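**Q** One structure coming up, written as C-alpha cells, with questions to follow.
A quick note on method: Cβ atoms are made from the backbone with ideal geometry, for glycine too, and the neighbour counts reach across all protein chains shown. Any read-out appearing in this document is the output of simple, stated calculations on the displayed coordinates, not a laboratory observation.
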Ligand code: NA
Ligand code: NA
Ligand code: NA
C-alpha cells in the first residue's frame, strides 16, 4: 500500500562521500509486536545497534528475507554518486511502510565493500513511522549517515634562515611541494579534490610550474602548512622547489599509522626526525605558530 524512501549517505569522518559500500536490507516486521511502547521500540533498536554486523548478519541471513527496491536488487544497496544531489556515497531504497502504527520495520546491515579506513557502521533497525518533530507528520524519506573513520594527519614546519653572524629569522616565500616514492619514482601531491578521504598523486617533469602539483609557500611566520590538505600513514617529503633568496632540499615527513601506541601515549609525526606537536583536527594554532617548532634551518653562508 504506502511506501517510504530510506537514503544512505555513506561518508568518511576523521576522529567525504564513499562509493562502493554495500548493504543488505531485511523485512524486520516480525521483530515487532502490536501496541508496543515507544520505549520497547527504542530497546529493540538499541539491541540491534549494539550487535556486531557479523552477529546481526547471522540472525538476519538465517531468519529474515531481503526486502525493498534497492539499486542492486531486492534488499541490496550499493553506494554511488547521486546526479540528482551531486554527492557521492548515496544509495536509496523504497520500502513498504505503515505510517499509522509501528507494524513495518527494516534491518539494514553493511556487508563487504566492492573490491586505511575503519568501517564502523552498526546494524540499523528502522521502525516506521518515524515522526517529523518539525511537522508532526510521519517522514516519507529517512536519511541515514552510517559512520566510516579515516585516519589522517596534518604536517607542518617552520623555515628559518641562519646568517653567518649567528642571527636568525623566520623565512617567507619558500615554495615547497610534497612527493612520495613508489617503484623508485616520485609522485607529487596534486590539486585534485579528495575522494574517499584519499589524495591523488601525479608524475611531473616540472613540479614548480605544473599547475597539477600543489605548492605550499612559507608565510610571514615561516609556516609551511599542509593547511586543509592531510596525509595518511607513511613516509613523504616536502621538497623545496624555490628557496628563499639568500638561503637557497627534501624534508622527510614520517606519519605513524595511529594517534596512540599500545600504552595510550601520543605517536608524533616526525619532520626530519623532529617530533611535531599536533591537535586533533590538524589546525595549526596561534600558540603553535609562536612556538615556531619544528624548525628547519637554512644557512645563508654557502
Ligand atoms: Na554498534
Ligand atoms: Na593539514
Ligand atoms: Na625544531
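**Q** Name every residue in segment 235-258 that is surrounded by 14 or more Cβ atoms within 10 Å (Cβ to Cβ) and more than 19 Å from residue 170 (Cα to Cα), in order of residue number.
**A** Across segment 235-258, the qualifying residues are 236, 237, 253, 254, 255, 256.
**Q** Which residue pairs have Cβ atoms under 7 Å apart, sit 6 or more places apart or on different chains, and have a first residue in segment 151-170 that is over 21 Å from residue 273 (Cα atoms) and a second that is within 12 Å of ligand 3 (Cβ to nearest atom) and part of a strand (DSSP E or B)?
**A** From segment 151-170, the pairs are 168/160; 169/160.
**Q** Go through segment 269-287 and give me each residue that's on the phi < 0 side of the Ramachandran plot and away from ligand 3 (no atom under 12 Å from the Cβ).
**A** Correct list: 269, 278, 279, 280, 283, 284, 285, 286, 287.
**Q** Which residues, taken from segment 54-70, are surrounded by fewer than 18 Cβ atoms within 10 Å (Cβ to Cβ), closer than 14 Å to residue 23 by Cβ and touching a strand residue (DSSP E or B) at 6+ places or on another chain (Cβ under 6 Å)?
**A** Of everything in segment 54-70, those that are surrounded by fewer than 18 Cβ atoms within 10 Å (Cβ to Cβ), closer than 14 Å to residue 23 by Cβ and touching a strand residue (DSSP E or B) at 6+ places or on another chain (Cβ under 6 Å) turn out to be 66, 69.
**Q** I'd like the residue in segment 216-247 that is part of a strand (DSSP E or B) and over 27 Å from the mean Cα position of the chain (by Cα) and, out of all such residues, is farthest from ligand 2 (Cβ to nearest atom).
**A** Going through the qualifying residues, I end up with 247.
**Q** Taking the conditions exactly as written (under 23 Å from the mean Cα position of the chain (by Cα), surrounded by fewer than 20 Cβ atoms within 10 Å (Cβ to Cβ) and more than 16 Å from ligand 1 (Cβ to nearest atom)), does residue 190 satisfy them or not?
**A** Working: under 23 Å from the mean Cα position of the chain (by Cα): yes; surrounded by fewer than 20 Cβ atoms within 10 Å (Cβ to Cβ): yes; more than 16 Å from ligand 1 (Cβ to nearest atom): yes.
Considered against the rule, which asks whether it is under 23 Å from the mean Cα position of the chain (by Cα), surrounded by fewer than 20 Cβ atoms within 10 Å (Cβ to Cβ) and more than 16 Å from ligand 1 (Cβ to nearest atom), residue 190 comes out as yes.
**Q** Just checking, does segment 43-57 include any residue being within 14 Å of residue 93 (Cα to Cα) and within 29 Å of the chain's Cα centre (by Cα)?
**A** no
**Q** Restricting attention to segment 18-30, report how many residues are touching a helix residue (DSSP H, G or I) at 6+ places or on another chain (Cβ under 9 Å) and buried (at least 19 other Cβ atoms within 10 Å of the Cβ).
**A** Total satisfying the criteria: 3.
**Q** Related question: Tell me which residues, restricted to segment 257-299, are away from ligand 2 (no atom under 16 Å from the Cβ), farther than 19 Å from residue 220 by Cβ and not in a strand (DSSP E or B).
**A** 257, 258, 261, 262, 263, 264, 265, 267, 272, 273
**Q** Next question, about the same structure. Checking the condition surrounded by fewer than 20 Cβ atoms within 10 Å (Cβ to Cβ), more than 16 Å from ligand 1 (Cβ to nearest atom) and more than 25 Å from the chain's Cα centre (by Cα), which residue from 210, 196 passes?
**A** Answer to the check: 210.
**Q** Any idea which of 157, 128 is surrounded by 20 or more Cβ atoms within 10 Å (Cβ to Cβ), more than 21 Å from the chain's Cα centre (by Cα) and within 16 Å of ligand 2 (Cβ to nearest atom)?
**A** 157
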